[PDB]
$ cat data.txt   # compact mmCIF, N, CA and C atoms
# COMPACT_ATOMS: atom_id res chain seq x y z
N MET A 1 -6.26 8.57 -20.73
CA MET A 1 -5.80 7.35 -20.07
C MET A 1 -7.01 6.60 -19.51
N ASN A 2 -7.05 5.28 -19.64
CA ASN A 2 -8.23 4.58 -19.15
C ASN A 2 -8.15 4.19 -17.68
N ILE A 3 -9.27 3.68 -17.17
CA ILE A 3 -9.42 3.40 -15.75
C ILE A 3 -8.48 2.26 -15.30
N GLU A 4 -8.36 1.23 -16.14
CA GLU A 4 -7.43 0.12 -15.88
C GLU A 4 -5.99 0.56 -15.74
N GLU A 5 -5.54 1.40 -16.67
CA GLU A 5 -4.17 1.86 -16.66
C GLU A 5 -3.89 2.75 -15.45
N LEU A 6 -4.81 3.66 -15.15
CA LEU A 6 -4.70 4.48 -13.93
C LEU A 6 -4.57 3.62 -12.68
N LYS A 7 -5.42 2.60 -12.60
CA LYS A 7 -5.39 1.65 -11.49
C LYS A 7 -4.05 0.95 -11.36
N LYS A 8 -3.56 0.39 -12.46
CA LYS A 8 -2.32 -0.37 -12.38
C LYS A 8 -1.16 0.54 -11.99
N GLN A 9 -1.16 1.73 -12.56
CA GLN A 9 -0.18 2.76 -12.21
C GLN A 9 -0.15 3.08 -10.70
N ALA A 10 -1.32 3.37 -10.13
CA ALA A 10 -1.37 3.69 -8.70
C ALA A 10 -1.01 2.50 -7.82
N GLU A 11 -1.44 1.31 -8.23
CA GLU A 11 -1.04 0.09 -7.53
C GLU A 11 0.48 -0.06 -7.49
N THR A 12 1.11 0.17 -8.63
CA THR A 12 2.56 0.02 -8.69
C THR A 12 3.23 1.08 -7.84
N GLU A 13 2.70 2.30 -7.87
CA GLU A 13 3.28 3.39 -7.09
C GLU A 13 3.22 3.10 -5.60
N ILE A 14 2.10 2.55 -5.15
CA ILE A 14 1.93 2.24 -3.74
C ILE A 14 2.83 1.09 -3.32
N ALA A 15 2.86 0.04 -4.14
CA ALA A 15 3.75 -1.09 -3.86
C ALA A 15 5.21 -0.64 -3.76
N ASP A 16 5.61 0.24 -4.67
CA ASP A 16 6.99 0.74 -4.68
C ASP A 16 7.28 1.63 -3.46
N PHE A 17 6.31 2.46 -3.08
CA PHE A 17 6.49 3.32 -1.90
C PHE A 17 6.67 2.48 -0.64
N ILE A 18 5.78 1.50 -0.47
CA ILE A 18 5.88 0.56 0.65
C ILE A 18 7.22 -0.19 0.64
N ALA A 19 7.66 -0.62 -0.54
CA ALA A 19 8.95 -1.33 -0.61
C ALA A 19 10.10 -0.45 -0.15
N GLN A 20 10.14 0.79 -0.63
CA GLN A 20 11.14 1.75 -0.15
C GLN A 20 11.08 1.95 1.37
N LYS A 21 9.87 2.12 1.92
CA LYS A 21 9.73 2.29 3.36
C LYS A 21 10.26 1.09 4.16
N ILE A 22 9.99 -0.12 3.66
CA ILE A 22 10.49 -1.33 4.32
C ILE A 22 12.01 -1.41 4.26
N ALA A 23 12.58 -1.14 3.09
CA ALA A 23 14.05 -1.17 2.93
C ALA A 23 14.71 -0.17 3.90
N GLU A 24 14.10 1.01 3.97
CA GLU A 24 14.53 2.10 4.83
C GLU A 24 14.49 1.67 6.30
N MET A 25 13.37 1.09 6.71
CA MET A 25 13.14 0.72 8.11
C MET A 25 14.14 -0.36 8.53
N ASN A 26 14.30 -1.34 7.65
CA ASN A 26 15.21 -2.44 7.91
C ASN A 26 16.62 -1.89 8.08
N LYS A 27 17.02 -1.02 7.16
CA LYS A 27 18.34 -0.37 7.25
C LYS A 27 18.55 0.41 8.55
N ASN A 28 17.58 1.26 8.88
CA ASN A 28 17.69 2.16 10.03
C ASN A 28 17.63 1.49 11.39
N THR A 29 16.93 0.36 11.48
CA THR A 29 16.78 -0.32 12.76
C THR A 29 17.75 -1.50 12.94
N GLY A 30 18.28 -2.01 11.83
CA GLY A 30 19.08 -3.22 11.88
C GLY A 30 18.21 -4.44 12.11
N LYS A 31 16.90 -4.25 12.01
CA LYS A 31 15.96 -5.33 12.27
C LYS A 31 15.14 -5.65 11.02
N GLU A 32 14.03 -6.36 11.20
CA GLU A 32 13.24 -6.79 10.05
C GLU A 32 11.74 -6.56 10.22
N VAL A 33 11.15 -5.85 9.25
CA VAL A 33 9.70 -5.72 9.20
C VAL A 33 9.14 -7.06 8.79
N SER A 34 8.20 -7.58 9.57
CA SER A 34 7.64 -8.90 9.29
C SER A 34 6.28 -8.81 8.63
N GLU A 35 5.56 -7.72 8.89
CA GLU A 35 4.17 -7.59 8.48
C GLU A 35 3.74 -6.13 8.61
N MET A 36 2.77 -5.72 7.80
CA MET A 36 2.04 -4.49 8.06
C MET A 36 0.57 -4.81 8.04
N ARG A 37 -0.16 -4.22 8.98
CA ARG A 37 -1.61 -4.31 9.04
C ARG A 37 -2.17 -3.07 8.40
N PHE A 38 -3.16 -3.23 7.53
CA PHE A 38 -3.83 -2.08 6.92
C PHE A 38 -5.28 -2.06 7.36
N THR A 39 -5.74 -0.94 7.91
CA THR A 39 -7.10 -0.82 8.43
C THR A 39 -7.75 0.34 7.72
N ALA A 40 -8.86 0.09 7.04
CA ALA A 40 -9.53 1.12 6.25
C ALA A 40 -9.88 2.32 7.11
N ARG A 41 -9.65 3.51 6.56
CA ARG A 41 -10.06 4.74 7.22
C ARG A 41 -11.20 5.28 6.38
N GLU A 42 -12.42 5.04 6.80
CA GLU A 42 -13.54 5.39 5.95
C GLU A 42 -14.34 6.54 6.55
N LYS A 43 -14.91 7.38 5.69
CA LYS A 43 -15.72 8.52 6.11
C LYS A 43 -17.06 8.39 5.41
N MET A 44 -18.03 9.23 5.77
CA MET A 44 -19.31 9.18 5.07
C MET A 44 -19.14 9.53 3.60
N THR A 45 -18.13 10.34 3.29
CA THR A 45 -17.81 10.67 1.91
C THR A 45 -17.03 9.55 1.21
N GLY A 46 -16.75 8.46 1.92
CA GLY A 46 -16.12 7.29 1.32
C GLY A 46 -14.76 6.96 1.89
N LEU A 47 -14.10 5.95 1.31
CA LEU A 47 -12.78 5.52 1.77
C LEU A 47 -11.76 6.64 1.59
N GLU A 48 -11.03 6.95 2.66
CA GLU A 48 -10.06 8.04 2.63
C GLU A 48 -8.65 7.50 2.47
N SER A 49 -8.34 6.47 3.25
CA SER A 49 -7.00 5.88 3.24
C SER A 49 -7.01 4.57 4.00
N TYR A 50 -5.83 3.99 4.19
CA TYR A 50 -5.66 2.86 5.09
C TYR A 50 -4.65 3.29 6.13
N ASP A 51 -4.98 3.09 7.40
CA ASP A 51 -3.98 3.32 8.44
C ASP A 51 -3.12 2.08 8.55
N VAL A 52 -1.85 2.28 8.90
CA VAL A 52 -0.87 1.20 8.84
C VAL A 52 -0.28 0.94 10.21
N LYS A 53 -0.09 -0.34 10.54
CA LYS A 53 0.67 -0.71 11.73
C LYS A 53 1.81 -1.63 11.31
N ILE A 54 3.04 -1.22 11.58
CA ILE A 54 4.21 -2.01 11.17
C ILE A 54 4.64 -2.93 12.30
N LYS A 55 4.84 -4.21 11.98
CA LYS A 55 5.33 -5.16 12.97
C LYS A 55 6.79 -5.47 12.67
N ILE A 56 7.64 -5.33 13.69
CA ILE A 56 9.06 -5.57 13.53
C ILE A 56 9.41 -6.70 14.47
N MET A 57 10.24 -7.63 14.00
CA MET A 57 10.57 -8.75 14.86
C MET A 57 11.99 -8.63 15.38
N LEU A 58 12.23 -9.10 16.59
CA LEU A 58 13.61 -9.37 16.98
C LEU A 58 13.81 -10.64 17.84
N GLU A 59 15.06 -11.07 17.87
CA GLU A 59 15.53 -12.24 18.57
C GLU A 59 15.16 -12.26 20.05
N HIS A 60 14.59 -13.39 20.48
CA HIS A 60 14.27 -13.64 21.88
C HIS A 60 15.51 -13.63 22.77
N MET B 1 17.21 8.35 16.98
CA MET B 1 15.76 8.18 16.92
C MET B 1 15.42 6.74 17.31
N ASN B 2 14.37 6.54 18.11
CA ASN B 2 14.08 5.17 18.52
C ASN B 2 13.18 4.41 17.55
N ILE B 3 13.03 3.12 17.83
CA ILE B 3 12.33 2.21 16.93
C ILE B 3 10.83 2.56 16.82
N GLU B 4 10.22 2.91 17.96
CA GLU B 4 8.83 3.36 17.99
C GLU B 4 8.56 4.57 17.12
N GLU B 5 9.42 5.57 17.25
CA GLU B 5 9.25 6.81 16.51
C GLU B 5 9.44 6.58 15.01
N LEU B 6 10.47 5.81 14.64
CA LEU B 6 10.67 5.42 13.24
C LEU B 6 9.43 4.74 12.66
N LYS B 7 8.89 3.80 13.44
CA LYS B 7 7.68 3.08 13.05
C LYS B 7 6.50 4.01 12.82
N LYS B 8 6.24 4.89 13.78
CA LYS B 8 5.07 5.75 13.66
C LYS B 8 5.21 6.69 12.47
N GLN B 9 6.43 7.19 12.29
CA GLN B 9 6.76 8.02 11.13
C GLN B 9 6.46 7.32 9.79
N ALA B 10 6.97 6.10 9.62
CA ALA B 10 6.74 5.38 8.37
C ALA B 10 5.27 5.02 8.17
N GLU B 11 4.60 4.65 9.26
CA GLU B 11 3.16 4.41 9.20
C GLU B 11 2.40 5.63 8.69
N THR B 12 2.76 6.79 9.22
CA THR B 12 2.07 8.01 8.81
C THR B 12 2.38 8.33 7.36
N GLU B 13 3.62 8.11 6.95
CA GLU B 13 4.02 8.40 5.57
C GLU B 13 3.25 7.52 4.59
N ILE B 14 3.08 6.25 4.94
CA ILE B 14 2.38 5.33 4.06
C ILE B 14 0.89 5.66 4.00
N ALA B 15 0.30 5.92 5.17
CA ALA B 15 -1.11 6.32 5.20
C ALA B 15 -1.36 7.57 4.36
N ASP B 16 -0.45 8.54 4.46
CA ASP B 16 -0.58 9.79 3.71
C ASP B 16 -0.41 9.56 2.20
N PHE B 17 0.54 8.70 1.83
CA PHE B 17 0.76 8.40 0.41
C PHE B 17 -0.48 7.75 -0.20
N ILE B 18 -1.00 6.74 0.50
CA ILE B 18 -2.24 6.08 0.08
C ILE B 18 -3.40 7.07 -0.01
N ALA B 19 -3.51 7.97 0.96
CA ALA B 19 -4.60 8.96 0.91
C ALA B 19 -4.50 9.85 -0.33
N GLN B 20 -3.30 10.35 -0.60
CA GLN B 20 -3.08 11.11 -1.83
C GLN B 20 -3.44 10.31 -3.10
N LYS B 21 -3.01 9.06 -3.17
CA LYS B 21 -3.34 8.22 -4.32
C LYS B 21 -4.85 8.04 -4.51
N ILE B 22 -5.56 7.85 -3.40
CA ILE B 22 -7.03 7.71 -3.48
C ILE B 22 -7.69 9.00 -3.95
N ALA B 23 -7.27 10.14 -3.38
CA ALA B 23 -7.82 11.44 -3.79
C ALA B 23 -7.61 11.67 -5.29
N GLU B 24 -6.40 11.34 -5.73
CA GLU B 24 -5.98 11.45 -7.12
C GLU B 24 -6.86 10.59 -8.02
N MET B 25 -7.04 9.33 -7.63
CA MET B 25 -7.77 8.35 -8.44
C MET B 25 -9.23 8.78 -8.58
N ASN B 26 -9.79 9.19 -7.45
CA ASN B 26 -11.18 9.62 -7.41
C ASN B 26 -11.35 10.81 -8.35
N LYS B 27 -10.45 11.78 -8.23
CA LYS B 27 -10.47 12.96 -9.11
C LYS B 27 -10.38 12.60 -10.61
N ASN B 28 -9.40 11.77 -10.95
CA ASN B 28 -9.10 11.43 -12.33
C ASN B 28 -10.14 10.57 -13.03
N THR B 29 -10.84 9.73 -12.26
CA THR B 29 -11.82 8.82 -12.85
C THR B 29 -13.26 9.33 -12.73
N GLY B 30 -13.50 10.25 -11.80
CA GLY B 30 -14.85 10.68 -11.50
C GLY B 30 -15.61 9.61 -10.73
N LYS B 31 -14.88 8.60 -10.28
CA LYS B 31 -15.51 7.49 -9.58
C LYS B 31 -14.99 7.38 -8.15
N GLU B 32 -15.19 6.24 -7.52
CA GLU B 32 -14.81 6.09 -6.12
C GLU B 32 -14.08 4.78 -5.81
N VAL B 33 -12.89 4.91 -5.21
CA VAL B 33 -12.17 3.75 -4.72
C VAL B 33 -12.92 3.25 -3.50
N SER B 34 -13.27 1.97 -3.49
CA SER B 34 -14.04 1.40 -2.39
C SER B 34 -13.17 0.62 -1.42
N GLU B 35 -12.06 0.08 -1.93
CA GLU B 35 -11.24 -0.85 -1.16
C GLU B 35 -9.89 -1.02 -1.86
N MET B 36 -8.86 -1.34 -1.09
CA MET B 36 -7.63 -1.86 -1.66
C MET B 36 -7.29 -3.14 -0.94
N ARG B 37 -6.84 -4.13 -1.70
CA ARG B 37 -6.36 -5.40 -1.18
C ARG B 37 -4.86 -5.31 -1.11
N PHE B 38 -4.27 -5.73 0.01
CA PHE B 38 -2.82 -5.76 0.14
C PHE B 38 -2.38 -7.21 0.31
N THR B 39 -1.45 -7.66 -0.52
CA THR B 39 -0.99 -9.05 -0.49
C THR B 39 0.51 -9.02 -0.30
N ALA B 40 0.99 -9.65 0.77
CA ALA B 40 2.42 -9.62 1.09
C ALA B 40 3.25 -10.14 -0.07
N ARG B 41 4.35 -9.45 -0.34
CA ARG B 41 5.31 -9.91 -1.33
C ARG B 41 6.53 -10.34 -0.54
N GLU B 42 6.67 -11.63 -0.30
CA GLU B 42 7.73 -12.06 0.59
C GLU B 42 8.79 -12.83 -0.18
N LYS B 43 10.04 -12.72 0.27
CA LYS B 43 11.17 -13.41 -0.35
C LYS B 43 11.86 -14.20 0.75
N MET B 44 12.83 -15.04 0.40
CA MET B 44 13.56 -15.76 1.43
C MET B 44 14.32 -14.80 2.33
N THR B 45 14.71 -13.65 1.78
CA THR B 45 15.36 -12.61 2.57
C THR B 45 14.36 -11.79 3.40
N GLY B 46 13.07 -12.13 3.31
CA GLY B 46 12.06 -11.50 4.15
C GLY B 46 11.02 -10.71 3.37
N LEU B 47 10.12 -10.04 4.10
CA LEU B 47 9.06 -9.25 3.48
C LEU B 47 9.65 -8.10 2.67
N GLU B 48 9.22 -7.99 1.42
CA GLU B 48 9.75 -6.95 0.53
C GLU B 48 8.79 -5.79 0.41
N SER B 49 7.51 -6.12 0.22
CA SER B 49 6.49 -5.10 0.04
C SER B 49 5.11 -5.73 0.13
N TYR B 50 4.08 -4.94 -0.14
CA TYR B 50 2.73 -5.47 -0.33
C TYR B 50 2.31 -5.08 -1.73
N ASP B 51 1.81 -6.04 -2.49
CA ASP B 51 1.21 -5.70 -3.77
C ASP B 51 -0.22 -5.26 -3.54
N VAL B 52 -0.69 -4.34 -4.37
CA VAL B 52 -1.96 -3.68 -4.13
C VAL B 52 -2.93 -3.94 -5.27
N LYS B 53 -4.20 -4.18 -4.94
CA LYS B 53 -5.25 -4.23 -5.95
C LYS B 53 -6.32 -3.21 -5.57
N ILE B 54 -6.58 -2.25 -6.44
CA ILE B 54 -7.56 -1.20 -6.14
C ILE B 54 -8.92 -1.58 -6.70
N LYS B 55 -9.96 -1.48 -5.87
CA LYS B 55 -11.32 -1.76 -6.32
C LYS B 55 -12.06 -0.44 -6.47
N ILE B 56 -12.65 -0.22 -7.63
CA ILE B 56 -13.37 1.01 -7.91
C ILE B 56 -14.81 0.62 -8.18
N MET B 57 -15.75 1.38 -7.64
CA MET B 57 -17.14 1.02 -7.86
C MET B 57 -17.80 1.97 -8.84
N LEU B 58 -18.74 1.45 -9.63
CA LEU B 58 -19.66 2.36 -10.29
C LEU B 58 -21.12 1.86 -10.38
N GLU B 59 -21.99 2.82 -10.64
CA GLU B 59 -23.42 2.64 -10.75
C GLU B 59 -23.84 1.56 -11.75
N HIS B 60 -24.71 0.66 -11.29
CA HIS B 60 -25.30 -0.37 -12.13
C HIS B 60 -26.12 0.21 -13.28
$ encode --input "data.txt" --output "structure tokens"
Amino acid sequence: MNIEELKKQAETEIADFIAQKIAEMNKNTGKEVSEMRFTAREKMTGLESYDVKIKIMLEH
Amino acid sequence: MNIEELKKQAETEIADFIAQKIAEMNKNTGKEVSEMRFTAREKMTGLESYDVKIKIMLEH
């Protein structure tokens, strides 16, 4: 499998995982996720992950 | 379960999923993921997901 295909595959997997998490959150809270912040988690050995902060909105 | 706890849970799940994907990619390519770009995928019904673009670096 080539590098491009691996990349597109993982991109789709992550997008799909995030979509499921948002659907789940919206369902469970009765509210709406408006945004997620992603902050790189980097080590001397390189990028490890992104830490996530979920923003949920509600009526004033 | 409260809204805060649900949030922290989903944040951790997403961070962990991304970390696994990066470890996987690095292993499979012999290279290094340097960055991921996240671009909101929004609909009139609200935020659906984030689309992802993975950047991989290699030696000049």
$ calpha_fit_and_write --input "data.txt" --fixed "chain B" --moving "chain A" --output "compact mmCIF listing (two decimals) with N, CA and C atoms, in the frame of the given file"
# COMPACT_ATOMS: atom_id res chain seq x y z
N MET A 1 17.21 8.35 16.97
CA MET A 1 15.76 8.18 16.92
C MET A 1 15.42 6.74 17.31
N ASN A 2 14.37 6.54 18.11
CA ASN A 2 14.09 5.17 18.52
C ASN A 2 13.19 4.41 17.55
N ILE A 3 13.03 3.12 17.83
CA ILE A 3 12.33 2.21 16.93
C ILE A 3 10.83 2.56 16.82
N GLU A 4 10.23 2.91 17.96
CA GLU A 4 8.83 3.36 17.99
C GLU A 4 8.56 4.57 17.13
N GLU A 5 9.42 5.58 17.25
CA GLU A 5 9.25 6.80 16.51
C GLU A 5 9.44 6.58 15.01
N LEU A 6 10.47 5.81 14.64
CA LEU A 6 10.66 5.42 13.23
C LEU A 6 9.43 4.74 12.66
N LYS A 7 8.89 3.80 13.44
CA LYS A 7 7.68 3.08 13.05
C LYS A 7 6.50 4.01 12.82
N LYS A 8 6.24 4.89 13.78
CA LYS A 8 5.07 5.75 13.66
C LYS A 8 5.22 6.68 12.46
N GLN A 9 6.43 7.19 12.29
CA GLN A 9 6.76 8.02 11.13
C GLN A 9 6.47 7.32 9.79
N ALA A 10 6.98 6.10 9.62
CA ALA A 10 6.74 5.38 8.37
C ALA A 10 5.28 5.01 8.17
N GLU A 11 4.60 4.65 9.26
CA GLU A 11 3.16 4.41 9.20
C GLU A 11 2.41 5.63 8.69
N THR A 12 2.76 6.79 9.22
CA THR A 12 2.07 8.01 8.81
C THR A 12 2.38 8.32 7.36
N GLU A 13 3.63 8.11 6.95
CA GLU A 13 4.02 8.39 5.57
C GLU A 13 3.26 7.52 4.59
N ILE A 14 3.08 6.26 4.93
CA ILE A 14 2.38 5.33 4.06
C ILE A 14 0.89 5.66 4.00
N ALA A 15 0.30 5.92 5.17
CA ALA A 15 -1.11 6.32 5.21
C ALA A 15 -1.36 7.57 4.36
N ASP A 16 -0.45 8.53 4.47
CA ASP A 16 -0.58 9.79 3.71
C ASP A 16 -0.40 9.56 2.20
N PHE A 17 0.55 8.70 1.84
CA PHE A 17 0.76 8.40 0.41
C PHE A 17 -0.48 7.75 -0.20
N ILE A 18 -1.00 6.74 0.50
CA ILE A 18 -2.24 6.08 0.08
C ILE A 18 -3.40 7.07 -0.02
N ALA A 19 -3.51 7.97 0.96
CA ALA A 19 -4.60 8.96 0.91
C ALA A 19 -4.50 9.85 -0.32
N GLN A 20 -3.30 10.35 -0.60
CA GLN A 20 -3.07 11.11 -1.84
C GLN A 20 -3.44 10.32 -3.10
N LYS A 21 -3.01 9.05 -3.17
CA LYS A 21 -3.34 8.22 -4.32
C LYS A 21 -4.85 8.04 -4.52
N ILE A 22 -5.57 7.85 -3.41
CA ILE A 22 -7.03 7.71 -3.48
C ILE A 22 -7.69 9.00 -3.95
N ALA A 23 -7.26 10.13 -3.39
CA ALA A 23 -7.83 11.44 -3.79
C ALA A 23 -7.61 11.67 -5.29
N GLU A 24 -6.40 11.34 -5.73
CA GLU A 24 -5.97 11.45 -7.12
C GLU A 24 -6.86 10.58 -8.02
N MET A 25 -7.04 9.33 -7.63
CA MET A 25 -7.77 8.35 -8.44
C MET A 25 -9.23 8.78 -8.58
N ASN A 26 -9.80 9.19 -7.45
CA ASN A 26 -11.18 9.62 -7.42
C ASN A 26 -11.35 10.81 -8.35
N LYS A 27 -10.45 11.78 -8.23
CA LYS A 27 -10.47 12.96 -9.12
C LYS A 27 -10.38 12.60 -10.60
N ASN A 28 -9.39 11.77 -10.94
CA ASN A 28 -9.11 11.43 -12.34
C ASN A 28 -10.14 10.56 -13.02
N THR A 29 -10.84 9.73 -12.26
CA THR A 29 -11.81 8.82 -12.84
C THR A 29 -13.26 9.33 -12.73
N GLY A 30 -13.50 10.25 -11.80
CA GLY A 30 -14.85 10.68 -11.51
C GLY A 30 -15.61 9.61 -10.74
N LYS A 31 -14.88 8.60 -10.28
CA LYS A 31 -15.50 7.48 -9.58
C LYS A 31 -14.98 7.38 -8.15
N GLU A 32 -15.19 6.23 -7.52
CA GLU A 32 -14.81 6.09 -6.11
C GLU A 32 -14.08 4.78 -5.82
N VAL A 33 -12.89 4.92 -5.21
CA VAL A 33 -12.17 3.75 -4.71
C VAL A 33 -12.92 3.25 -3.50
N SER A 34 -13.26 1.97 -3.49
CA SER A 34 -14.04 1.40 -2.39
C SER A 34 -13.17 0.62 -1.43
N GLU A 35 -12.06 0.08 -1.93
CA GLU A 35 -11.24 -0.85 -1.17
C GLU A 35 -9.89 -1.02 -1.86
N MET A 36 -8.86 -1.34 -1.09
CA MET A 36 -7.63 -1.86 -1.66
C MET A 36 -7.29 -3.14 -0.94
N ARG A 37 -6.85 -4.13 -1.70
CA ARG A 37 -6.36 -5.39 -1.17
C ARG A 37 -4.86 -5.31 -1.11
N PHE A 38 -4.27 -5.72 0.01
CA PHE A 38 -2.82 -5.76 0.13
C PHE A 38 -2.37 -7.20 0.31
N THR A 39 -1.45 -7.67 -0.52
CA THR A 39 -0.99 -9.05 -0.49
C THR A 39 0.51 -9.03 -0.30
N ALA A 40 0.99 -9.65 0.76
CA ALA A 40 2.42 -9.62 1.09
C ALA A 40 3.25 -10.14 -0.07
N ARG A 41 4.35 -9.45 -0.34
CA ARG A 41 5.31 -9.91 -1.33
C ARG A 41 6.53 -10.34 -0.54
N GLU A 42 6.67 -11.62 -0.30
CA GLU A 42 7.73 -12.06 0.59
C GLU A 42 8.80 -12.83 -0.17
N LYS A 43 10.04 -12.72 0.27
CA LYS A 43 11.17 -13.41 -0.35
C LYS A 43 11.86 -14.19 0.75
N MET A 44 12.83 -15.04 0.40
CA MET A 44 13.56 -15.76 1.43
C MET A 44 14.32 -14.80 2.33
N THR A 45 14.71 -13.65 1.78
CA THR A 45 15.36 -12.61 2.57
C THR A 45 14.36 -11.80 3.40
N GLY A 46 13.07 -12.12 3.31
CA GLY A 46 12.06 -11.50 4.15
C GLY A 46 11.02 -10.71 3.38
N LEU A 47 10.12 -10.04 4.10
CA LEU A 47 9.06 -9.25 3.49
C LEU A 47 9.65 -8.10 2.68
N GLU A 48 9.22 -7.98 1.42
CA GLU A 48 9.76 -6.96 0.53
C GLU A 48 8.79 -5.79 0.41
N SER A 49 7.52 -6.12 0.22
CA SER A 49 6.48 -5.09 0.05
C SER A 49 5.11 -5.73 0.13
N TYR A 50 4.08 -4.94 -0.15
CA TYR A 50 2.73 -5.47 -0.32
C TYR A 50 2.31 -5.08 -1.72
N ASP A 51 1.81 -6.05 -2.48
CA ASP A 51 1.21 -5.70 -3.77
C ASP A 51 -0.21 -5.26 -3.53
N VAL A 52 -0.69 -4.34 -4.37
CA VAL A 52 -1.97 -3.68 -4.13
C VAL A 52 -2.92 -3.94 -5.27
N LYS A 53 -4.20 -4.18 -4.94
CA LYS A 53 -5.25 -4.22 -5.95
C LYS A 53 -6.33 -3.22 -5.57
N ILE A 54 -6.58 -2.25 -6.44
CA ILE A 54 -7.56 -1.20 -6.14
C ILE A 54 -8.92 -1.59 -6.70
N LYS A 55 -9.96 -1.48 -5.87
CA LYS A 55 -11.32 -1.75 -6.32
C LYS A 55 -12.06 -0.43 -6.46
N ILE A 56 -12.66 -0.22 -7.64
CA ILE A 56 -13.37 1.01 -7.91
C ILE A 56 -14.81 0.62 -8.19
N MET A 57 -15.75 1.39 -7.65
CA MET A 57 -17.14 1.02 -7.86
C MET A 57 -17.80 1.96 -8.84
N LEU A 58 -18.73 1.46 -9.62
CA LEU A 58 -19.66 2.36 -10.29
C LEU A 58 -21.12 1.86 -10.38
N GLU A 59 -22.00 2.82 -10.64
CA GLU A 59 -23.43 2.64 -10.75
C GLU A 59 -23.83 1.56 -11.75
N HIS A 60 -24.71 0.66 -11.29
CA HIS A 60 -25.30 -0.37 -12.13
C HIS A 60 -26.12 0.21 -13.28
$ interface_residues --input "data.txt" --of "chain B" --to "chain A" --cutoff "6 Å" --atoms "only N, CA and C atoms" --output "compact mmCIF listing (two decimals) with N, CA and C atoms, in the frame of the given file"
# COMPACT_ATOMS: atom_id res chain seq x y z
N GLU B 11 4.60 4.65 9.26
CA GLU B 11 3.16 4.41 9.20
C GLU B 11 2.40 5.63 8.69
N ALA B 15 0.30 5.92 5.17
CA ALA B 15 -1.11 6.32 5.20
C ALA B 15 -1.36 7.57 4.36
N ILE B 18 -1.00 6.74 0.50
CA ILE B 18 -2.24 6.08 0.08
C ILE B 18 -3.40 7.07 -0.01
N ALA B 19 -3.51 7.97 0.96
CA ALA B 19 -4.60 8.96 0.91
C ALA B 19 -4.50 9.85 -0.33
N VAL B 33 -12.89 4.91 -5.21
CA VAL B 33 -12.17 3.75 -4.72
C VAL B 33 -12.92 3.25 -3.50
N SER B 34 -13.27 1.97 -3.49
CA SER B 34 -14.04 1.40 -2.39
C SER B 34 -13.17 0.62 -1.42
N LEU B 47 10.12 -10.04 4.10
CA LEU B 47 9.06 -9.25 3.48
C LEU B 47 9.65 -8.10 2.67
N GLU B 48 9.22 -7.99 1.42
CA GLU B 48 9.75 -6.95 0.53
C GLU B 48 8.79 -5.79 0.41
N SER B 49 7.51 -6.12 0.22
CA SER B 49 6.49 -5.10 0.04
C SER B 49 5.11 -5.73 0.13
N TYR B 50 4.08 -4.94 -0.14
CA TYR B 50 2.73 -5.47 -0.33
C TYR B 50 2.31 -5.08 -1.73
N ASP B 51 1.81 -6.04 -2.49
CA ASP B 51 1.21 -5.70 -3.77
C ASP B 51 -0.22 -5.26 -3.54
N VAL B 52 -0.69 -4.34 -4.37
CA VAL B 52 -1.96 -3.68 -4.13
C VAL B 52 -2.93 -3.94 -5.27
N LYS B 53 -4.20 -4.18 -4.94
CA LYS B 53 -5.25 -4.23 -5.95
C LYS B 53 -6.32 -3.21 -5.57
$ atom_distance --input "data.txt" --atom1 "atom CA of residue A:27" --atom2 "atom N of residue B:5"
14.7 Å
$ atom_distance --input "data.txt" --atom1 "atom C of residue A:9" --atom2 "atom N of residue A:57"
28.9 Å
$ select_by_dssp --input "data.txt" --residues "chain A" --states "strand (DSSP E or B)" --output "number ranges by chain"
A: 32-43, 46-57
$ atom_distance --input "data.txt" --atom1 "atom N of residue A:58" --atom2 "atom N of residue A:30"
10.5 Å
